[PDB]
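Peer 1: these are from a larger complex, still in place; more later:
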Amino acid sequence: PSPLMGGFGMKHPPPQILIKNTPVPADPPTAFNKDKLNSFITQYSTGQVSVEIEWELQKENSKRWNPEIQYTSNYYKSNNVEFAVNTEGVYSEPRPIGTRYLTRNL
């Protein structure tokens, strides 16, 4: 049951976290009306969110003699730095990076 787009398949994954601004009615009429209130004060909210994940690693103990292939940046000069902001403040990811650079036997 490994997910086909990649990753870890779990029967009990991290739960969904749901959030909502509590409605605040505007001034109701001074005579009773049984219909649900339709007039509300315009509101929004802001805040900080933190997520901390501990990951377990599995180290390599290869006996390969020659050097491996490694992900690296290229020294050649360019207008911008890869994985940084440009002059207008926009961050970008210039390429997809996988995980398979070290090698193992079958």
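Peer 2: Happy to help now that I have it. Residues are numbered from 1 along each chain as shown, chains lettered A, B, ... in the order given.
Peer 1: Remind me which helix or strand the residue of chain A most remote from its centre belongs to.
Peer 2: Centroid-distance maximum for chain A: residue A:31 at 49.8 Å, with C-alpha atoms, centre = their mean. Assessed by DSSP states H and E, residue A:31 sits outside every helix and strand.
Peer 1: What of residue A:64?
Peer 2: Going by DSSP H and E, residue A:64 is not in any helix or strand.
Peer 1: quick one: it from residue A:98, how far?
Peer 2: 20 Å (C-beta to C-beta, to the nearest Å). All C-beta atoms are positioned from the backbone trio N, CA, C, and that covers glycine.
Peer 1: Between those two, tell me which one has more neighbours.
Peer 2: Comparing residue A:64 with residue A:98 by other C-beta atoms under 10 Å, the one with more neighbours is residue A:64, at 11 against 7.
Peer 1: Could you give the number of residues near the nearest residue to that one once chain neighbours are set aside?
Peer 2: Leaving aside its sequence neighbours, residue A:64 sits nearest to residue A:103 (C-beta to C-beta, 6 or more residues apart in numbering; 6.6 Å). Residue A:103: 10 surrounding residues under other C-beta under 10 Å.
Peer 1: surely residue A:103 meets residue A:62?
Peer 2: Yes - with contacts defined as C-beta atoms under 8 Å, residue A:103 counts as touching residue A:62 at a distance of 7.2 Å.
Peer 1: what sits in contact with each of the two?
Peer 2: Jointly contacting residue A:103 and residue A:62 under the rule C-beta atoms under 8 Å, 6 or more residues apart in numbering are residue A:68.
Peer 1: and chain B on top of that:
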Amino acid sequence: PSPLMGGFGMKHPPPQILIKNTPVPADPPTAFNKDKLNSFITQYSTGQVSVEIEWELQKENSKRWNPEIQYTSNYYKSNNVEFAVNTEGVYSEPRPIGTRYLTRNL
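Peer 2: Okay, chain B now, added to the rest:
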């Protein structure tokens, strides 16, 4: 006093290790002669030598956001593998490799 060709300069470096085959004279004459012996049995020796060095490392704790430059092998196909033997059994080192790939501030 860092050595100019590179490395660690020490007042008491690893000591010199000196080895020699003990001379074995051939048959001496049966009348006494005071001159030093000039005829020897032709000998040589062979064996195994082992050296074990413990090195202390100083790890990086950089806060740099973008990926670093790393030494890597190139995937492009070739007749031989770099840092391996060829069809005749000869090992070769195709290039010099330094130590300065990670980065630090001044």
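Peer 1: In contact with the residue farthest from the centre of chain A, which residues are there?
Peer 2: Listed by C-beta atoms under 8 Å, 6 or more residues apart in numbering or on different chains, residue A:31 has no contact partners.
Peer 1: What segments of chain A are strands?
Peer 2: Assigned by DSSP state E, chain A shows no strands.
Peer 1: So the spatially most central residue of it versus chain B, what's the distance?
Peer 2: Centroid-nearest residue in chain A, with C-alpha atoms, centre = their mean: residue A:51, separated by 10.1 Å. In this view, residue A:51 and chain B are 18 Å apart by C-beta to the nearest C-beta, to the nearest Å.
Peer 1: any idea how far chain B is from the residue nearest to residue A:25 when sequence neighbours are not counted?
Peer 2: Nearest non-adjacent residue to residue A:25, counting by C-beta to C-beta, 6 or more residues apart in numbering or on different chains: residue A:37, 4.8 Å away. Distance, residue A:37 to chain B, by C-beta to the nearest C-beta: 49 Å.
Peer 1: Surely residue A:37 and residue A:28 touch.
Peer 2: Yes - between residue A:37 and residue A:28 a contact is recorded at 6.5 Å, counting by C-beta under 8 Å.
Peer 1: Show me which residues of chain A sit near chain B.
Peer 2: By C-beta under 8 Å from any C-beta of the partner chain, the part of chain A that sits against chain B consists of A:65-75, A:81-84.
Peer 1: Run a quick neighbour tally on residue A:82.
Peer 2: Neighbour count for residue A:82, taken as other C-beta atoms under 10 Å in any protein chain shown: 13.
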